[PDB]
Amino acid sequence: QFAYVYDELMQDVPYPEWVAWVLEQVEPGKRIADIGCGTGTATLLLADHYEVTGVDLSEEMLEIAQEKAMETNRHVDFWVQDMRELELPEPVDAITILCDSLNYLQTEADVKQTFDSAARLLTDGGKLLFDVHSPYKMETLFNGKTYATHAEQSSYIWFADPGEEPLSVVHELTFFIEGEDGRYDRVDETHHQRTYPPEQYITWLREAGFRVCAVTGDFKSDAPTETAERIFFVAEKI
């Protein structure tokens, strides 16, 4: 299951900080759809406070998500769906799109489609929460940088370079996965991310029928600083 290489890459990602933030905006016990959930690490933490449903385009990642849920006796439905065309049968009180998952969208249209889909799934008062890269992060940490590390089962080399569009990044990943015989299998992947100034996102949210409640930086209560790396949005369906 190749998907575990992602769990190792993020073993030190402080997911409980995202969960603590969701807890400030959505009352525990409510129903949440966590979209673009990957291997569901944050989704499973959310399941400890909310009735949660996870959605991602990757069957492989959702398989790991499910196995982890079953091994910890959590009930969490994971379904394969594209965030721009969400469709859930039961009502949800909030939608979460965490850890820059929204940034994998490639066009302005994709983002508007995602927001419209979110609005259709929520009723009056439902919340939409997401965090994204700031323009500053794109221009610094993803501006021709190299990242690499070793975990127990795999090692990776990650190059982060500007893409063709403004505020875009091309992540060139190479994983060396250890096999049963102690030798390594290489897997190369290319991921694309794109961001926008926060004001562009606020406009789209309003066009999609949301009231923007808060725009904050780096897990703090205040508006983003000019050197903020991650921007958090809280919006509510009108």
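Heads up: residue numbers just count along the shown sequence, starting at 1.
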Of 6-14 and 21-29, which one has the bigger average CA B-factor? 6-14
102-110 or 84-92, whichever carries the higher mean Cα B-factor: 84-92
Considering every modelled residue of the chain and its Cα B-factor in the PDB entry, is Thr123 in the lowest, middle or highest third? highest
Looking at the temperature factor on the CA atom of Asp56, which third of the chain's modelled residues does it land in? highest
Within-chain third of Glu199 by Cα B-factor, per the entry: lowest
With respect to C-alpha B-factor, does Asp181 fall in the lowest, middle or highest third of the chain as deposited? highest
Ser117, C-alpha B-factor rank within chain (lowest, middle or highest third): lowest
